[PDB]
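> Before I ask anything, here is the structure I am working with.
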Amino acid sequence: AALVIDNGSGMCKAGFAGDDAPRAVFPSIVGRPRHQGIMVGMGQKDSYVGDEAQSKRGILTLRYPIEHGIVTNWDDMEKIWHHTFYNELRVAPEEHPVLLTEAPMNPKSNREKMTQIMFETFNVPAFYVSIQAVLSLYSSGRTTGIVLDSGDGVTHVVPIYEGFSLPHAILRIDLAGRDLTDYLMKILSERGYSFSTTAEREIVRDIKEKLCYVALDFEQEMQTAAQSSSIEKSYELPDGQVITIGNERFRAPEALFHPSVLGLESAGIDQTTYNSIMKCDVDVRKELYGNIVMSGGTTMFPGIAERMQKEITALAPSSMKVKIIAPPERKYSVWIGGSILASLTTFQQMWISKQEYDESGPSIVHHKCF
Amino acid sequence: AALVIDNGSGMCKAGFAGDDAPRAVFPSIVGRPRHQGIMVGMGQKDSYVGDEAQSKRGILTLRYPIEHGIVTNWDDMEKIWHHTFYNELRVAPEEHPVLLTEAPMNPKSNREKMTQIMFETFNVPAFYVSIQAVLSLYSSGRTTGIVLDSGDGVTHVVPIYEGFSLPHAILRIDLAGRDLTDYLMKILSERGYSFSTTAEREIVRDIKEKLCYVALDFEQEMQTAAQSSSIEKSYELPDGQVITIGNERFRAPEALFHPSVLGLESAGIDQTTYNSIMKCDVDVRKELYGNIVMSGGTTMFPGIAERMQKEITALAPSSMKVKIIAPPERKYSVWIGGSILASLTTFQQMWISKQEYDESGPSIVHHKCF
Amino acid sequence: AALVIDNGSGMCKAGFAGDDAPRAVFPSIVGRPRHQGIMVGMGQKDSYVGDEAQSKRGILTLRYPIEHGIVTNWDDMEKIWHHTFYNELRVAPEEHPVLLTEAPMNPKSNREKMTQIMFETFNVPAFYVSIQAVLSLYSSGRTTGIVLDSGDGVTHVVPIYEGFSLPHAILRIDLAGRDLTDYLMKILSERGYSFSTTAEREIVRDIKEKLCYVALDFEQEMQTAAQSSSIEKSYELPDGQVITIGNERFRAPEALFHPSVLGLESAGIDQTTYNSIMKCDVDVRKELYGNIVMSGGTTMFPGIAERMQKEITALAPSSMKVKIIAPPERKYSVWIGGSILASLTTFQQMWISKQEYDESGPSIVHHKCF
Amino acid sequence: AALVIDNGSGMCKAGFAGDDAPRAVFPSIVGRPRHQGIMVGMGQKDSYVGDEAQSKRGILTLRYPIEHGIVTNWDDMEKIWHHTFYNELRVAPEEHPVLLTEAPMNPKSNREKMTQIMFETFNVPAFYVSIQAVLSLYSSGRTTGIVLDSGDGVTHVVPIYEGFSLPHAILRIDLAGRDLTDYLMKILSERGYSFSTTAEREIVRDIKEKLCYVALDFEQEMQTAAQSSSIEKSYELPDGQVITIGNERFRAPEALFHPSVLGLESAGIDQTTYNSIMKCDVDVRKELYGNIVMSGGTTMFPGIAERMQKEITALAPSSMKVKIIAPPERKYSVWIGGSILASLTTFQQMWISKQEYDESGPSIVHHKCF
Amino acid sequence: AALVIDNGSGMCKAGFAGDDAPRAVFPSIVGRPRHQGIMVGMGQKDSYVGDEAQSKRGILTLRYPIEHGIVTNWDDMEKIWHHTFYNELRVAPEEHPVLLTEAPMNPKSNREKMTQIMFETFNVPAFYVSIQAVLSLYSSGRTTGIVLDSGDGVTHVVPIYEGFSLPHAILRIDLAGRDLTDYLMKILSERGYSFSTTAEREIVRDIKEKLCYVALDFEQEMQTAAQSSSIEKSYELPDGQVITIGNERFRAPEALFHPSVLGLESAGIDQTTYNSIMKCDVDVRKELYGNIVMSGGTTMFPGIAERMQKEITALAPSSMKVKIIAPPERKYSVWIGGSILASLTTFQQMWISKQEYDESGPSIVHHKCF
Ligand SMILES: Nc1ncnc2c1ncn2[C@@H]1O[C@H](COP(=O)(O)OP(=O)(O)O)[C@@H](O)[C@H]1O
Ligand SMILES: Nc1ncnc2c1ncn2[C@@H]1O[C@H](COP(=O)(O)OP(=O)(O)O)[C@@H](O)[C@H]1O
Ligand SMILES: Nc1ncnc2c1ncn2[C@@H]1O[C@H](COP(=O)(O)OP(=O)(O)O)[C@@H](O)[C@H]1O
Ligand SMILES: Nc1ncnc2c1ncn2[C@@H]1O[C@H](COP(=O)(O)OP(=O)(O)O)[C@@H](O)[C@H]1O
Ligand SMILES: Nc1ncnc2c1ncn2[C@@H]1O[C@H](COP(=O)(O)OP(=O)(O)O)[C@@H](O)[C@H]1O
Ligand SMILES: [Mg+2]
Ligand SMILES: [Mg+2]
Ligand SMILES: [Mg+2]
Ligand SMILES: [Mg+2]
Ligand SMILES: [Mg+2]
């Protein structure tokens with residue numbers, strides 16, 4: 001069989017080909033201790049990975065090796081892969097093909113270096129890399145859709161029509177879960193809660209996951225928060241402090257629809273989606289207003305689908321039906337689709353073999369991968 | 001029995017001999033995908049034909065293999081025939097004679113190549129090809145008429161008198177449905193609607209079919225459109241956009257009567273018809289002002305017959321009666337007449353047999369076919 | 001001196017009396033622009049004449065004011081005369097007698113109107129009009145002949161015997177250069193070359209002039225064209241396209257001998273000539289089988305004389321000699337003869353003077369002119 | 001005198017009639033600040049125009065009021081005109097006629113609204129609007145040509161023959177400088193350089209202007225870029241970052257010849273030009289393969305002329321000469337020609353006067369302007 | 001006139017609007033006696049403020065009511081304001097508008113409570129509060145800059161561009177003068193000097209002010225201190241003890257550039273400044289590397305500017321000029337700028353009036369103040 005690794009910008013997910021769910025999902029982070037090892041009797045490591053780092057954020061600088069889908073630190077990413085199969089899946093990469101995923105329009109050098117590492121370091125027998133949105137559409141089993149994939153680091157919109165690309169109408173924006181988390185720390189300081197540190201960054205991430213929700217109508221929610229306290233429920237920090245969060249619960253997610261709050265000129269997910277559809281030919285807009293496929297954990301916000309419906313129906317022409325496809329598996333939809341793709345026997349001829357790499361080195365990829 | 005295929009420049013029509021209506025009518029188009037097959041799991045074809053292409057114009061370059069009655073792309077025309085009987089009618093061409101149709105004064109090489117293909121590729125047992133206008137007159141069951149056949153690609157006028165040709169007074173003009181569609185796109189851009197693409201070309205075709213009508217008096221209609229909005233009704237594009245079309249509804253069809261708007265020097269259908277009649281002998285002009293037979297879908301414009309009446313009565317001498325024969329079956333009148341002709345037992349001796357082709361090859365046709 | 005103007009149906013030719021060759025020869029055409037004058041800074045005219053029109057056929061409707069020897073458009077013919085002397089010869093018509101020419105059996109009204117215009121508009125001091133064939137026989141200096149004059153618009157046969165008319169045996173047929181050109185466009189479309197327009201009409205005229213030749217034996221030529229490619233040489237259109245012309249080179253001229261290809265019942269030039277001779281008295285047929293005088297540019301076809309010889313010797317009785325007089329000056333033979341006639345001092349008493357016109361108006365001509 | 005304003009889709013150009021060069025050339029853009037005015041003591045404006053906006057793109061949403069030659073935002077266009085004469089030229093529009101320019105086949109409503117504004121708002125005494133290509137041909141002083149005008153927003157091909165329009169063979173495509181700039185941002189992200197924002201859009205425009213060149217042979221250039229680094233020179237962003245650009249330098253301009261890279265079906269400039277010429281009559285194709293007139297800043301790419309020569313000579317028939325007229329003044333060729341036209345005394349009768357507007361309102365224009 | 005009070009986290013500064021220098025500058029501290037009043041005849045107070053407290057630190061718990069820019073003890077802050085105008089300036093707050101200052105991103109509740117107190121307690125007629133960095137930039141009279149304001153309690157970086165905020169790129173860190181003082185006590189204990197108490201805290205503050213300097217190169221200074229004694233000069237405690245301070249003189253200030261010594265993850269002032277600039281748009285980074293404005297007494301360290309230059313030039317791209325604006329008035333630059341702002345007549349419409357407060361209470365401020 002083959003390995004499937006999404007290389008998630010925020011949470012790496014890996015598992016065997018043909019498996020319906022990923023077996024290893026963990027933060028794609030590394031931890032470099034801040035402090036001296038004065039308890040000499042303790043056995044220690046120079047660095048930690050994933051959950052091991054998450055054990056003890058208070059002593060670590062957490063660093064994400066992927067920023068906005070770009071590998072910024074190959075040294076650490078190597079560890080992430082190494083840990084993923086040698087320690088967590090406990091799999092020999094030398095014995096199984098592995099399929100990776102990358103955001104569209106990503107830097108060509110990043111892809112080359114990725115494959116160079118994977119062949120020369122982990123000595124994979126075969127390799128492939130694919131666009132995440134494609135895979136997430138595989139998971140739906142659809143022929144057509146426009147994939148509003150919004151991972152931790154990147155939100156990218158890909159229209160697809162019965163398996164033909166529409167490369168001229170891809171949209172990509174940097175606005176993603178990480179920017180939302182930074183914004184949340186920025187506003188949540190409004191109440192006094194500091195959260196200066198990268199550890200508190202990792203806590204405010206959890207506050208986002210658990211308490212934030214998408215406002216169906218921002219103004220209405222603001223009004224009712226100005227009048228009603230029922231919105232301003234509460235969360236407990238690891239120290240036991242109890243914090244409360246009112247309008248902030250939905251103000252932050254609202255940024256997805258009004259990025260200008262962050263200073264980003266690019267419009268929200270809804271507007272970008274509409275614009276992308278418009279950039280496609282009139283013929284396909286018929287079907288691409290249907291089959292809007294949400295994907296990624298950034299789409300896991302409660303009420304996101306409803307807001308998308310509202311917005312797009314307002315933007316889209318009259319007499320045009322909108323259908324937001326919002327499966328429950330959104331967090332995994334990419335990995336599942338990669339599993340399906342790798343399982344296809346027809347696809348088995350697509351893998352870049354160690355032979356082809358030896359024939360052509362890291363620049364082979366552009367001739368093979370989609 | 002024998003097959004009857006009109007080989008329509010815009011919509012191929014085929015069916016069994018003796019059938020009163022064609023069973024397969026479809027656009028004579030092929031589709032070559034513009035884009036990469038990134039959804040590798042989708043089963044796909046290198047090209048599409050007819051309705052299959054029409055499913056998904058947004059991803060295809062639509063190409064008509066017949067331009068102005070000339071086969072410009074034998075590679076695709078072969079597919080059109082192949083699809084017509086092997087896939088749609090689901091008929092063995094090896095077992096049934098097939099009767100084709102061609103515009104008059106057409107290039108001799110096109111006819112030769114046509115028969116060469118049909119004998120050598122599809123191995124038809126017997127073959128014949130006839131002038132479309134003749135067949136359309138058969139469908140009327142008349143002995144005499146002047147056939148103002150106006151297909152998608154060609155408009156050609158043939159006077160016929162009790163089954164004798166009048167080859168000296170045939171007229172042919174390139175002005176046809178396709179030119180009208182191009183003109184419509186040209187003017188309809190006046191309002192902003194772009195329709196640059198071959199897909200939008202295929203939409204504007206439908207706008208023509210559904211909304212355009214022939215002005216009984218162009219100036220009057222222009223005036224009332226300048227004063228009355230009741231003319232400027234509306235159509236819905238596949239994306240759901242709603243467009244409105246005023247004087248353009250009848251300005252475009254008017255080109256049939258004033259081709260100079262397109263820059264073509266040749267006069268309109270009415271003038272050409274009159275001129276052709278005049279080129280016949282005085283004896284037959286008596287009857288050829290009667291029995292004017294409209295044919296082809298280009299003649300399906302509402303009010304066309306009335307305008308023809310008006311114009312010809314104005315051009316024709318006094319005391320001369322004009323009678324525009326305008327059956328409801330105009331779109332099919334050629335194919336129906338071919339069906340009748342093939343059904344005639346007397347005609348069964350006219351077919352060019354596989355024997356005669358083997359005796360004489362592709363140049364046999366000139367000695368046989370009318 | 002006097003002006004001599006042949007008023008050629010296809011190429012007007014004019015010059016001074018006593019001159020051995022015409023000084024102005026140009027197409028008898030006018031050009032009415034098809035299109036708007038958007039380049040406002042260009043100085044322009046509402047219409048063009050002759051070579052000025054020929055400069056820019058692509059923007060003009062070329063119209064011949066003379067059809068089959070009948071002035072169909074006096075408005076334009078007036079321009080042709082006006083241009084001829086006021087602009088090209090740069091001669092005052094008010095100061096010089098002018099001699100015109102007309103086909104025999106031509107409409108009496110055309111002759112009346114011609115002289116009415118010439119006296120009332122251009123105020124010529126003196127006027128005469130003569131039959132073209134007569135003049136062409138003058139140019140030969142013969143006393144007897146049968147003149148097979150074949151201009152652009154009309155072919156007319158006049159037997160003449162020592163200066164006595166034989167009005168009972170004149171033959172006239174519409175078959176002429178223009179009909180040949182139309183036929184050539186008709187057949188040459190066989191290969192694909194469209195030539196729909198009046199401009200392409202004027203190009204196909206040149207194709208006729210340069211490549212066509214008369215078949216000594218049509219069947220033999222057809223056979224050898226079916227076997228030999230050496231016939232099918234080639235011509236270059238003004239756009240630079242290169243066309244080839246095989247049997248068409250001689251098929252078209254053959255129409256002169258078998259007009260039935262065009263549907264005209266009247267027999268060919270040879271048959272008509274023979275018939276006319278037969279309609280003369282037995283006495284003169286002795287000499288009229290000799291002194292057959294070719295004339296007009298339609299007779300400029302290579303090998304025409306040989307074919308005439310063959311045909312007439314086959315039709316004519318045995319022991320009868322045939323002699324086709326085929327000078328090199330055929331294109332001009334009418335005008336030259338008119339020059340000679342006008343130069344004759346004896347003829348100076350024949351001119352219709354401005355005095356006689358004032359005495360009797362346009363109907364004087366029938367009492368004077370031959 | 002009269003004002004001449006090209007109303008450039010990307011750079012408005014204005015100056016006095018009879019001037020050989022425009023005095024005001026500036027981006028046709030407006031700037032709406034993104035951020036609060038916290039430095040209350042600073043005197044500020046609600047919006048900025050042209051160079052004032054360009055001073056400080058980092059705080060502005062740059063918006064072009066003209067998209068593909070269509071005024072999309074009359075509110076801002078009004079400012080552009082207002083600034084042009086009241087602030088930059090410092091001219092009273094109430095006292096000088098002004099001549100505008102518009103792309104051919106443009107929406108009729110846009111032209112009406114344009115003149116309505118100019119008469120009712122700026123109270124011009126006289127007005128005219130003309131097709132840009134015409135003017136650019138004036139600047140050449142030619143009688144004939146085919147104008148491959150390629151502005152920022154629109155590329156449109158107009159054949160012209162001695163001042164007669166050929167409206168039947170105009171071609172227009174949306175592919176222009178702006179699309180090229182978007183494509184450049186799209187590909188240049190290949191290296192990592194983000195350029196998400198409208199400000200970075202305006203920087204990448206400069207990268208295009210300064211570093212891009214047209215490949216004489218795309219494949220050869222690609223090969224040598226794959227082998228040679230000498231192509232991949234470098235540019236400095238305003239922040240001082242230094243970027244390098246290899247094959248991208250010529251890949252982007254190549255889109256002009258292969259728009260399919262952008263997904264546009266319409267062929268390149270060369271193909272469109274050839275097709276347009278072919279759509280003209282055979283007569284004029286002789287001269288329109290000569291006198292191909294380049295125009296617009298999109299044509300300023302180095303080596304564009306050579307590529308055009310190569311392509312057209314390959315497409316055009318043999319024995320046909322091609323002559324790409326490539327003056328150095330291309331950026332201004334429209335405005336200069338408008339200056340010439342307005343200077344013509346003969347043209348002084350063409351202006352639409354405030355009187356005629358009062359007589360007939362905004363719909364007068366269609367009866368007057370070309 | 002209006003009062004200007006900076007509400008300095010470490011030294012409150014107050015004076016009249018339009019004054020070039022603050023008239024009252026004093027520690028923002030209160031003193032609560034530790035001990036019984038056994039000398040009953042002495043007249044005494046329950047608490048002391050500012051300099052009165054500083055008279056007799058040995059008997060007082062010094063408490064700063066502002067911690068890291070947050071009012072932690074409203075009871076004492078009220079006294080600070082009360083003393084400031086009723087006792088030191090000897091001004092009626094009921095009669096003069098007062099302008100306060102606050103750090104950016106500060107808790108919204110603190111601002112509300114501030115204005116509530118100032119209106120309800122001191123009954124100010126008018127009120128405004130502004131960001132300190134803005135004011136400090138006013139004092140420079142610049143349109144653009146990035147303000148590295150480092151007060152006693154907070155260091156906060158604000159980029160400003162021609163009076164538009166860049167709220168997305170503000171940085172704030174807790175590292176300030178107070179943390180430096182704590183660190184100094186921590187290290188200076190290395191030599192034996194205890195300084196446990198809040199009084200000795202207030203002495204070590206003076207040691208910092210008088211002896212510490214910023215190392216241009218920490219390693220070099222460490223080396224030379226390891227070799228040279230000339231660094232280790234000396235200070236006299238109030239008791240007359242004489243202490244010496246070597247590498248400690250510059251080790252402590254170095255923390256500003258390497259906060260990790262204190263365990264703070266956030267990078268130094270230089271790194272934060274660079275990062276903030278980077279978070280601004282490329283357009284403005286051109287000018288924000290210039291016009292770096294130092295502010296606050298924490299910036300008064302000798303050689304700080306040089307180190308900033310060095311660091312930023314090393315971090316900033318090549319060919320980018322850096323200009324550290326380091327006026328001599330740094331301690332007062334905020335207050336002076338507030339004076340200027342209040343003096344502006346245009347600003348007089350910005351004050352929140354007692355009327356508006358009565359209309360809207362403490363929550364008015366968010367709608368008014370920047
Ligand atoms: N409950 C949640 N609600 C909203 N966003 C979430 C939630 N859980 C995770 N995310 C966001 O999205 C990421 C996980 O989703 P995923 O789509 O798999 O992207 P990635 O694989 O790049 O992390 C996060 O790390 C976080 O920013
Ligand atoms: N409702 C309609 N009104 C006018 N023209 C039509 C209509 N439907 C089809 N046509 C035109 O004529 C064609 C169909 O008619 P037909 O006479 O069978 O010719 P062909 O077989 O060459 O298409 C078209 O493809 C179109 O140009
Ligand atoms: N080389 C040629 N070969 C055959 N026919 C020609 C040639 N040149 C001209 N003609 C034909 O005859 C005309 C010129 O000859 P001409 O006898 O003077 O008659 P007209 O004066 O009526 O034109 C033409 O315009 C053309 O139809
Ligand atoms: N050096 C250059 N090379 C290529 N294209 C350019 C250059 N300078 C400007 N352009 C392009 O063309 C425009 C300027 O040329 P112009 O023909 O006057 O059209 P417009 O007036 O509509 O801007 C641009 O704004 C840009 O897209
Ligand atoms: N000479 C000095 N060198 C370095 N820091 C100083 C000096 N004097 C005062 N400071 C520091 O900064 C403060 C005074 O500066 P200021 O910028 O006005 O901030 P604040 O108003 O919050 O005190 C102090 O109380 C102290 O931490
Ligand atoms: Mg993922
Ligand atoms: Mg048909
Ligand atoms: Mg003649
Ligand atoms: Mg321009
Ligand atoms: Mg301060």
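Here's how to read the names in the structure tokens: chain A, B, ... by the order shown, residue numbers from 1 in each chain, ligand numbers from 1 in the order shown.
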I need the helix (DSSP H, G or I) residues of stretch 52-212 of chain E per DSSP on the backbone, written as a ChimeraX atom specification.

/E:52-54,57-59,74-89,93-95,108-120,132-140,167-169,177-191,198-211

> Show me which residues line ligand 7, defined as having an atom within 8 Å of a ligand atom where only C-alpha atoms and all ligand atoms count, and present them as a PyMOL selection string.

chain B and resi 6-13+132+151-152+296+331-332+334-335

> Given only C-alpha atoms as the basis, pick out the residue of D:265, D:96, D:106, D:25 nearest to residue B:200.

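Among the listed residues, D:265 lies closest to residue B:200.
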
> Within 10 Å of ligand 4, which residues show up when you count only C-alpha atoms and all ligand atoms? List them as JSON, numbers by chain, please.

{"D": [6, 7, 8, 9, 10, 11, 12, 13, 25, 26, 27, 28, 66, 67, 68, 69, 103, 132, 149, 150, 151, 152, 153, 154, 155, 176, 177, 178, 179, 180, 181, 202, 205, 206, 207, 208, 209, 210, 211, 212, 213, 214, 253, 294, 295, 296, 297, 298, 299, 300, 301, 302, 304, 330, 331, 332, 333, 334, 335]}

> Could you pull the residues within 12 Å of residue C:161, counting only C-alpha atoms, minus those fewer than 5 positions along the same chain, as a PyMOL selection string?

chain C and resi 134+137+142-147+166-167+169+277+280-281+283-292

> Need the shell around stretch 233-238 of chain C: protein/DNA/RNA residues with any atom at most 7 Å away, counting only C-alpha atoms. Skip same-chain ones fewer than 5 positions apart. Format as JSON, numbers by chain?

{"C": [243, 244, 245, 246], "D": [282, 283, 286]}

> How about saving the chosen residues, N, CA and C atoms kept, as a PDB file, in the first residue's frame?


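The result, stored in result-v6.pdb:
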ATOM      1  N   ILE C 243      -3.863  30.111 -57.520  1.00  0.00           N
ATOM      2  CA  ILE C 243      -4.890  29.193 -57.978  1.00  0.00           C
ATOM      3  C   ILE C 243      -4.415  28.471 -59.231  1.00  0.00           C
ATOM      4  N   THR C 244      -5.020  27.314 -59.472  1.00  0.00           N
ATOM      5  CA  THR C 244      -4.754  26.502 -60.644  1.00  0.00           C
ATOM      6  C   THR C 244      -6.042  26.262 -61.412  1.00  0.00           C
ATOM      7  N   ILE C 245      -5.910  26.161 -62.729  1.00  0.00           N
ATOM      8  CA  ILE C 245      -7.055  26.099 -63.623  1.00  0.00           C
ATOM      9  C   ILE C 245      -6.748  25.090 -64.717  1.00  0.00           C
ATOM     10  N   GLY C 246      -7.487  23.989 -64.735  1.00  0.00           N
ATOM     11  CA  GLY C 246      -7.254  22.948 -65.711  1.00  0.00           C
ATOM     12  C   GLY C 246      -8.153  23.041 -66.927  1.00  0.00           C
TER      13      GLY C 246
ATOM     14  N   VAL D 282     -10.649  40.486 -51.106  1.00  0.00           N
ATOM     15  CA  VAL D 282      -9.387  40.122 -51.737  1.00  0.00           C
ATOM     16  C   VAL D 282      -8.666  41.348 -52.269  1.00  0.00           C
ATOM     17  N   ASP D 283      -9.417  42.277 -52.847  1.00  0.00           N
ATOM     18  CA  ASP D 283      -8.828  43.487 -53.405  1.00  0.00           C
ATOM     19  C   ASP D 283      -7.939  44.217 -52.403  1.00  0.00           C
ATOM     20  N   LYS D 286      -4.270  43.043 -50.536  1.00  0.00           N
ATOM     21  CA  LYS D 286      -3.001  43.409 -51.151  1.00  0.00           C
ATOM     22  C   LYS D 286      -2.260  44.439 -50.308  1.00  0.00           C
TER      23      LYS D 286
END

> With a distance threshold of 6 Å and counting only C-alpha atoms, extract the residues of chain C near chain D and express them as a VMD selection string.

chain C and resid 35 to 39 58 238 to 241

> Which neighbours of residue A:248 fall inside 8 Å, counting only C-alpha atoms, when residues of the same chain fewer than 4 positions from it are skipped, and could you give them as a count of residues only?

5

> Just want the 10 Å neighbourhood of residue A:95, counted on only C-alpha atoms, with same-chain residues fewer than 3 positions away dropped. Output as number ranges by chain.

A: 1-3, 91-92, 98, 123-126

> I need the strand (DSSP E or B) residues of stretch 126-332 of chain C per DSSP on the backbone, written as a ChimeraX atom specification.

/C:126-131,144-150,155-161,164-165,171-173,234-236,242-244,292-295,324-325

> Enter the distance from atom CA of residue B:83 to atom CA of residue B:104, in Å, rounded to one decimal.

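Going from atom CA of residue B:83 over to atom CA of residue B:104 covers 25.7 Å.
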
> Could you tell me how far atom CA of residue D:46 sits from atom CA of residue E:279, in Å to one decimal place?

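Computing the Euclidean distance for atom CA of residue E:279 and atom CA of residue D:46 yields 24.9 Å.
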
> Pick out the closest residue to ligand 2 from this set: B:336, B:314, B:118, B:99. Count only C-alpha atoms and all ligand atoms.

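So, comparing all the options, the nearest one is B:336.
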
> Atom CA of residue C:342 and atom CA of residue C:14 are how many Å apart?

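Between these atoms lies a distance of 13.0 Å.
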
> Give me, as a PyMOL selection string, all polymer residues having an atom no more than 10 Å from residue D:121, counting only C-alpha atoms and skipping those fewer than 5 positions away in the same chain.

chain D and resi 78+82+93-94+115-116
